[PDB]
Number of protein chains: 2
Amino acid sequence: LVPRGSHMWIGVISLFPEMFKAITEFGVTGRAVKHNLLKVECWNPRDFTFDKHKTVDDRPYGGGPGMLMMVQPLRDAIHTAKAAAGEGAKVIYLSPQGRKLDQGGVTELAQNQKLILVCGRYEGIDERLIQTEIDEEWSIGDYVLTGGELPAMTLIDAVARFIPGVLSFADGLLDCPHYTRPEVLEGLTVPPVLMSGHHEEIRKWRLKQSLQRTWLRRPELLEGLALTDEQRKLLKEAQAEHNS
Amino acid sequence: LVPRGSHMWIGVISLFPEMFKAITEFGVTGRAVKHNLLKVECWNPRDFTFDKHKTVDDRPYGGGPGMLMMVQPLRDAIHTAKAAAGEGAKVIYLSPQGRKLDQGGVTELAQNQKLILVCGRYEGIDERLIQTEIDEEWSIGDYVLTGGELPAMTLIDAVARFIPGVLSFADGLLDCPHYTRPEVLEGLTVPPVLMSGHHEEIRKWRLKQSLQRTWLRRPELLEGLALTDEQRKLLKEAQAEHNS
Ligand SMILES: CN(C)c1cccc(CNc2ccc(C(N)=O)cn2)c1
Ligand SMILES: CN(C)c1cccc(CNc2ccc(C(N)=O)cn2)c1
């Protein structure tokens with residue numbers, strides 16, 4: 001009954017599929033799953049092992065302190081996910097060596113109706129599997145985590161927001177400050193304009209604050225933008241008041 | 001019995017504390033928790049409400065489509081976490097408007113023995129709470145998620161790796177490719193040097209590959225580095241071979 005149509009299917013390859021309950025069972029993403037706007041399906045390489053101890057790691061050629069994902073169980077899990085996905089599924093590997101995710105990249109990834117996310121553990125996966133099985137390698141940021149599961153979940157959450165029905169950044173700026181009750185909090189008052197009921201004055205104040213915040217915190221983000229006439233004016237005003 | 005000492009305590013304020021099972025119950029972080037190297041303690045603003053329906057959101061002054069976290073339950077939850085933490089706990093708010101996390105920032109945050117992480121939902125929290133309760137505002141990347149929980153979990157995982165006992169980036173470079181069995185995979189062979197047993201040749205090959213990979217994928221990362229004599233040489237060699 002809930003209108004889908006732009007529903008999204010996401011296959012996940014992970015040694016710890018139960019981690020994905022954090023997004024499939026709670027909040028907005030949990031609702032998206034319940035309403036069939038989002039489907040997350042997990043395959044565990046451990047289920048594709050054949051030895052008694054269900055071995056899923058293997059030693060790197062050339063030595064070193066780390067292990068890699070064992071090729072055969074991982075490869076078989078990926079092939080099974082691909083078979084379930086059918087035609088048109090893009091296979092994504094999350095790693096610190098990948099293309100850096102930003103909101104633009106999220107909107108690009110969100111254009112896919114089917115994704116398969118491969119979650120590496122240990123020191124990652126065999127380079128030849130990346131060559132033969134992986135379409136795109138992405139990073140959620142310049143830091144190292146214990147597995148690709150949190151990055152995969154982060155990507156799912158980010159793209160889920162663009163699925164119709166699931167739900168100032170949209171303009172490439174940081175957001176303005178927001179206020180709610182009470183009118184006075186530890187001596188700090190709400191900006192009078194927000195309680196004026198003057199919608200146009202409130203819009204312009206918020207936009208001016210967003211411009212000022214972006215300039216002060218992330219000035220490089222401004223360089224990437226072609227500001228509107230109005231934005232140029234409000235930013236100039238904010239900068240003048242800062243130097244005043 | 002497991003040596004701790006540099007153990008870390010992390011308080012979390014979240015409307016969905018059960019999401020944090022994804023890190024406290026599984027993998028390396030799950031082991032860290034079991035071994036008392038890492039403690040994660042959650043407070044839910046819903047438990048600090050007094051009305052019949054346990055209301056945790058509130059309307060923004062000045063209108064708009066979104067809601068904010070209700071101040072009183074959130075504020076009381078934060079104060080309770082602070083009381084439990086005692087002296088010296090840094091309070092962190094995760095938002096897209098915060099300082100961008102990278103590995104350097106992770107190592108800085110990891111110097112804290114106590115952290116409190118505040119997870120915003122809806123359109124975030126009252127600006128005056130950020131002023132009065134929050135020490136530092138951090139972002140895990142330039143994208144928007146449905147809540148601060150995945151960013152909080154991402155930060156916990158990243159900093160947990162620096163807790164002694166819990167466990168090429170360390171040099172500011174991307175990692176080299178790695179290989180494991182089989183020797184031939186879909187016609188693709190393992191680089192002969194990795195099966196040569198010549199440790200010095202293998203080290204230099206890996207370093208050269210890391211330099212080449214960083215140059216090709218993330219050249220800006222190289223600008224931030226003062227390369228060693230050896231790194232300058234191997235990078236020059238890799239670049240020469242690319243133009244050859
Ligand atoms: C070489 N190595 C340690 C490694 C290689 C691949 C995957 C993993 C799993 N960890 C991840 C994955 C992604 C990210 C990210 N920033 O998107 C951070 N951590 C580790
Ligand atoms: C204004 N707004 C929508 C908002 C404001 C604050 C928090 C939140 C919760 N969502 C988050 C949190 C952090 C990150 C990050 N990149 O670290 C991404 N999403 C949303």
# chains A, B, ... in the order shown; residues from 1 in each chain; ligands from 1
>>> residues_around(residues="residue 197 of chain A", least_positions_apart="5", cutoff="9 Å", atoms="only C-alpha atoms", output="MDAnalysis selection string")
(chainID A and resid 202) or (chainID B and resid 62:63)
>>> residues_near_ligand(ligand="ligand 2", cutoff="6 Å", atoms="only C-alpha atoms and all ligand atoms", output="PyMOL selection string")
(chain A and resi 175) or (chain B and resi 94-96+120-121+123-124+139-148+151)
>>> write_last_selection(atoms="N, CA, C and O atoms", output="PDB file, in the first residue's frame")
ATOM      1  N   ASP A 175      24.339  23.745   7.490  1.00  0.00           N
ATOM      2  CA  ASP A 175      23.025  24.165   7.950  1.00  0.00           C
ATOM      3  C   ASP A 175      23.115  25.324   8.953  1.00  0.00           C
ATOM      4  O   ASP A 175      24.153  25.541   9.573  1.00  0.00           O
TER       5      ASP A 175
ATOM      6  N   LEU B  94      28.155  14.634  17.132  1.00  0.00           N
ATOM      7  CA  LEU B  94      28.374  14.256  15.739  1.00  0.00           C
ATOM      8  C   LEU B  94      27.372  14.975  14.829  1.00  0.00           C
ATOM      9  O   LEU B  94      26.166  14.880  15.042  1.00  0.00           O
ATOM     10  N   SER B  95      27.870  15.712  13.836  1.00  0.00           N
ATOM     11  CA  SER B  95      26.977  16.392  12.897  1.00  0.00           C
ATOM     12  C   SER B  95      27.692  16.624  11.580  1.00  0.00           C
ATOM     13  O   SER B  95      28.915  16.608  11.539  1.00  0.00           O
ATOM     14  N   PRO B  96      26.929  16.870  10.501  1.00  0.00           N
ATOM     15  CA  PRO B  96      27.577  17.231   9.234  1.00  0.00           C
ATOM     16  C   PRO B  96      28.265  18.609   9.281  1.00  0.00           C
ATOM     17  O   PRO B  96      28.999  18.941   8.349  1.00  0.00           O
ATOM     18  N   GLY B 120      22.519  12.980  17.640  1.00  0.00           N
ATOM     19  CA  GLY B 120      21.340  13.740  17.262  1.00  0.00           C
ATOM     20  C   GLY B 120      20.476  12.944  16.297  1.00  0.00           C
ATOM     21  O   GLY B 120      20.992  12.171  15.492  1.00  0.00           O
ATOM     22  N   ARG B 121      19.162  13.131  16.390  1.00  0.00           N
ATOM     23  CA  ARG B 121      18.215  12.631  15.395  1.00  0.00           C
ATOM     24  C   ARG B 121      17.400  13.828  14.917  1.00  0.00           C
ATOM     25  O   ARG B 121      17.652  14.946  15.350  1.00  0.00           O
ATOM     26  N   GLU B 123      16.315  17.015  13.027  1.00  0.00           N
ATOM     27  CA  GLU B 123      17.191  18.034  12.437  1.00  0.00           C
ATOM     28  C   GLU B 123      18.264  18.502  13.425  1.00  0.00           C
ATOM     29  O   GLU B 123      18.862  19.572  13.252  1.00  0.00           O
ATOM     30  N   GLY B 124      18.509  17.690  14.447  1.00  0.00           N
ATOM     31  CA  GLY B 124      19.629  17.914  15.338  1.00  0.00           C
ATOM     32  C   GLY B 124      19.198  18.450  16.688  1.00  0.00           C
ATOM     33  O   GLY B 124      18.075  18.203  17.139  1.00  0.00           O
ATOM     34  N   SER B 139      32.423  15.722  12.323  1.00  0.00           N
ATOM     35  CA  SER B 139      31.724  15.044  11.232  1.00  0.00           C
ATOM     36  C   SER B 139      32.522  13.838  10.759  1.00  0.00           C
ATOM     37  O   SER B 139      33.750  13.907  10.705  1.00  0.00           O
ATOM     38  N   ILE B 140      31.856  12.750  10.364  1.00  0.00           N
ATOM     39  CA  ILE B 140      32.624  11.624   9.810  1.00  0.00           C
ATOM     40  C   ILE B 140      32.795  11.726   8.290  1.00  0.00           C
ATOM     41  O   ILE B 140      33.493  10.912   7.663  1.00  0.00           O
ATOM     42  N   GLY B 141      32.178  12.739   7.696  1.00  0.00           N
ATOM     43  CA  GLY B 141      32.290  12.935   6.261  1.00  0.00           C
ATOM     44  C   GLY B 141      31.206  13.858   5.747  1.00  0.00           C
ATOM     45  O   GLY B 141      30.215  14.116   6.435  1.00  0.00           O
ATOM     46  N   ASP B 142      31.385  14.346   4.526  1.00  0.00           N
ATOM     47  CA  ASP B 142      30.454  15.315   3.958  1.00  0.00           C
ATOM     48  C   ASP B 142      29.231  14.655   3.354  1.00  0.00           C
ATOM     49  O   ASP B 142      29.023  14.692   2.140  1.00  0.00           O
ATOM     50  N   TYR B 143      28.416  14.064   4.220  1.00  0.00           N
ATOM     51  CA  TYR B 143      27.156  13.465   3.818  1.00  0.00           C
ATOM     52  C   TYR B 143      26.222  13.476   5.011  1.00  0.00           C
ATOM     53  O   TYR B 143      26.657  13.648   6.161  1.00  0.00           O
ATOM     54  N   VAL B 144      24.938  13.298   4.735  1.00  0.00           N
ATOM     55  CA  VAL B 144      23.908  13.397   5.759  1.00  0.00           C
ATOM     56  C   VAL B 144      23.291  12.038   6.012  1.00  0.00           C
ATOM     57  O   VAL B 144      22.934  11.320   5.066  1.00  0.00           O
ATOM     58  N   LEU B 145      23.168  11.691   7.289  1.00  0.00           N
ATOM     59  CA  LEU B 145      22.608  10.412   7.686  1.00  0.00           C
ATOM     60  C   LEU B 145      21.357  10.659   8.508  1.00  0.00           C
ATOM     61  O   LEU B 145      21.059  11.806   8.855  1.00  0.00           O
ATOM     62  N   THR B 146      20.620   9.596   8.815  1.00  0.00           N
ATOM     63  CA  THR B 146      19.364   9.747   9.549  1.00  0.00           C
ATOM     64  C   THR B 146      19.572   9.945  11.051  1.00  0.00           C
ATOM     65  O   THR B 146      18.629  10.259  11.786  1.00  0.00           O
ATOM     66  N   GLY B 147      20.802   9.775  11.523  1.00  0.00           N
ATOM     67  CA  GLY B 147      21.067  10.002  12.940  1.00  0.00           C
ATOM     68  C   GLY B 147      22.561  10.017  13.205  1.00  0.00           C
ATOM     69  O   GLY B 147      23.352   9.633  12.340  1.00  0.00           O
ATOM     70  N   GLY B 148      22.954  10.464  14.392  1.00  0.00           N
ATOM     71  CA  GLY B 148      24.368  10.457  14.743  1.00  0.00           C
ATOM     72  C   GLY B 148      24.903   9.126  15.250  1.00  0.00           C
ATOM     73  O   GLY B 148      26.090   9.030  15.586  1.00  0.00           O
ATOM     74  N   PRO B 151      27.622   7.579  12.842  1.00  0.00           N
ATOM     75  CA  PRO B 151      28.875   8.316  13.062  1.00  0.00           C
ATOM     76  C   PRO B 151      29.518   8.037  14.424  1.00  0.00           C
ATOM     77  O   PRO B 151      30.739   7.927  14.497  1.00  0.00           O
TER      78      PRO B 151
END
>>> select_by_dssp(residues="segment 92-191 of chain B", states="strand (DSSP E or B)", output="list in words")
residues 92, 93, 94, 95, 96, 97, 98, 99, 100, 114, 115, 116, 117, 118, 119, 136, 137, 138, 139, 184, 185, 188 and 189 of chain B
>>> write_last_selection(atoms="C-alpha atoms", output="mmCIF file, in the first residue's frame")
data_model
loop_
_atom_site.group_PDB
_atom_site.id
_atom_site.type_symbol
_atom_site.label_atom_id
_atom_site.label_comp_id
_atom_site.auth_asym_id
_atom_site.auth_seq_id
_atom_site.Cartn_x
_atom_site.Cartn_y
_atom_site.Cartn_z
ATOM 1 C CA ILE B 92 31.446 15.191 21.377
ATOM 2 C CA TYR B 93 28.495 16.007 19.112
ATOM 3 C CA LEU B 94 28.374 14.256 15.739
ATOM 4 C CA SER B 95 26.977 16.392 12.897
ATOM 5 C CA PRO B 96 27.577 17.231 9.234
ATOM 6 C CA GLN B 97 28.613 20.727 10.485
ATOM 7 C CA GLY B 98 31.512 19.459 12.569
ATOM 8 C CA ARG B 99 35.252 19.145 12.155
ATOM 9 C CA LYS B 100 35.935 16.519 9.508
ATOM 10 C CA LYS B 114 36.741 9.294 28.594
ATOM 11 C CA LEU B 115 34.414 10.448 25.830
ATOM 12 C CA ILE B 116 30.717 11.225 25.762
ATOM 13 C CA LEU B 117 29.100 11.021 22.332
ATOM 14 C CA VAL B 118 25.828 12.810 21.720
ATOM 15 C CA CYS B 119 23.754 11.316 18.880
ATOM 16 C CA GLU B 136 33.697 19.547 20.195
ATOM 17 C CA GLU B 137 31.573 19.031 17.101
ATOM 18 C CA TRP B 138 32.845 16.414 14.599
ATOM 19 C CA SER B 139 31.724 15.044 11.232
ATOM 20 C CA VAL B 184 46.380 -18.049 -10.071
ATOM 21 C CA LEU B 185 42.890 -16.527 -9.953
ATOM 22 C CA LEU B 188 45.618 -13.403 -12.827
ATOM 23 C CA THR B 189 48.880 -14.379 -11.130
#
>>> select_by_dssp(residues="segment 30-73 of chain B", states="helix (DSSP H, G or I)", output="VMD selection string")
chain B and resid 30 to 34 45 to 48 71 to 73
>>> atom_distance(atom1="atom CA of residue 178 of chain B", atom2="atom CA of residue 191 of chain B")
9.8 Å
>>> residues_around(residues="residue 159 of chain B", least_positions_apart="5", cutoff="10 Å", atoms="only C-alpha atoms", output="NGL selection string")
(:A and (143-145)) or (:B and (8 or 103 or 105-112 or 153-154))
>>> write_last_selection(atoms="N, CA, C and O atoms", output="PDB file, in the first residue's frame")
ATOM      1  N   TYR A 143      39.995   7.354   7.312  1.00  0.00           N
ATOM      2  CA  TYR A 143      40.301   6.701   8.573  1.00  0.00           C
ATOM      3  C   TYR A 143      40.105   5.208   8.395  1.00  0.00           C
ATOM      4  O   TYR A 143      39.459   4.760   7.436  1.00  0.00           O
ATOM      5  N   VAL A 144      40.670   4.443   9.318  1.00  0.00           N
ATOM      6  CA  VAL A 144      40.668   2.991   9.222  1.00  0.00           C
ATOM      7  C   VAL A 144      39.796   2.398  10.308  1.00  0.00           C
ATOM      8  O   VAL A 144      39.899   2.783  11.483  1.00  0.00           O
ATOM      9  N   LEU A 145      38.940   1.461   9.912  1.00  0.00           N
ATOM     10  CA  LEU A 145      38.030   0.812  10.837  1.00  0.00           C
ATOM     11  C   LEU A 145      38.336  -0.674  10.864  1.00  0.00           C
ATOM     12  O   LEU A 145      39.141  -1.157  10.061  1.00  0.00           O
TER      13      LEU A 145
ATOM     14  N   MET B   8      39.467   2.548  27.673  1.00  0.00           N
ATOM     15  CA  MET B   8      38.699   3.710  27.281  1.00  0.00           C
ATOM     16  C   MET B   8      37.257   3.548  27.694  1.00  0.00           C
ATOM     17  O   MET B   8      36.683   2.474  27.564  1.00  0.00           O
ATOM     18  N   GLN B 103      42.336  10.310  10.035  1.00  0.00           N
ATOM     19  CA  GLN B 103      43.066   9.415  10.931  1.00  0.00           C
ATOM     20  C   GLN B 103      43.849  10.203  11.984  1.00  0.00           C
ATOM     21  O   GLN B 103      43.992   9.759  13.124  1.00  0.00           O
ATOM     22  N   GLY B 105      42.842  13.001  13.280  1.00  0.00           N
ATOM     23  CA  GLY B 105      41.855  13.421  14.250  1.00  0.00           C
ATOM     24  C   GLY B 105      41.437  12.262  15.130  1.00  0.00           C
ATOM     25  O   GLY B 105      41.125  12.452  16.303  1.00  0.00           O
ATOM     26  N   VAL B 106      41.421  11.058  14.559  1.00  0.00           N
ATOM     27  CA  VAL B 106      41.123   9.861  15.345  1.00  0.00           C
ATOM     28  C   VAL B 106      42.178   9.678  16.445  1.00  0.00           C
ATOM     29  O   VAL B 106      41.844   9.437  17.609  1.00  0.00           O
ATOM     30  N   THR B 107      43.445   9.825  16.080  1.00  0.00           N
ATOM     31  CA  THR B 107      44.527   9.652  17.056  1.00  0.00           C
ATOM     32  C   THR B 107      44.473  10.739  18.138  1.00  0.00           C
ATOM     33  O   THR B 107      44.823  10.492  19.291  1.00  0.00           O
ATOM     34  N   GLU B 108      44.018  11.932  17.769  1.00  0.00           N
ATOM     35  CA  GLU B 108      43.815  12.992  18.755  1.00  0.00           C
ATOM     36  C   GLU B 108      42.692  12.640  19.727  1.00  0.00           C
ATOM     37  O   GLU B 108      42.823  12.820  20.934  1.00  0.00           O
ATOM     38  N   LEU B 109      41.572  12.169  19.193  1.00  0.00           N
ATOM     39  CA  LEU B 109      40.434  11.822  20.035  1.00  0.00           C
ATOM     40  C   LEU B 109      40.765  10.630  20.926  1.00  0.00           C
ATOM     41  O   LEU B 109      40.280  10.531  22.053  1.00  0.00           O
ATOM     42  N   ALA B 110      41.616   9.746  20.424  1.00  0.00           N
ATOM     43  CA  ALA B 110      42.010   8.543  21.148  1.00  0.00           C
ATOM     44  C   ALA B 110      42.862   8.843  22.381  1.00  0.00           C
ATOM     45  O   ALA B 110      43.076   7.962  23.209  1.00  0.00           O
ATOM     46  N   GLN B 111      43.360  10.070  22.494  1.00  0.00           N
ATOM     47  CA  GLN B 111      44.159  10.458  23.661  1.00  0.00           C
ATOM     48  C   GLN B 111      43.286  10.659  24.895  1.00  0.00           C
ATOM     49  O   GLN B 111      43.792  10.761  26.018  1.00  0.00           O
ATOM     50  N   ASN B 112      41.980  10.747  24.680  1.00  0.00           N
ATOM     51  CA  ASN B 112      41.036  10.886  25.783  1.00  0.00           C
ATOM     52  C   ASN B 112      40.736   9.527  26.405  1.00  0.00           C
ATOM     53  O   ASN B 112      40.462   8.555  25.701  1.00  0.00           O
ATOM     54  N   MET B 153      29.288   5.310  16.173  1.00  0.00           N
ATOM     55  CA  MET B 153      29.852   3.970  16.151  1.00  0.00           C
ATOM     56  C   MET B 153      31.132   3.925  15.338  1.00  0.00           C
ATOM     57  O   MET B 153      32.081   3.246  15.710  1.00  0.00           O
ATOM     58  N   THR B 154      31.148   4.685  14.250  1.00  0.00           N
ATOM     59  CA  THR B 154      32.329   4.786  13.398  1.00  0.00           C
ATOM     60  C   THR B 154      33.486   5.379  14.192  1.00  0.00           C
ATOM     61  O   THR B 154      34.598   4.867  14.143  1.00  0.00           O
TER      62      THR B 154
END
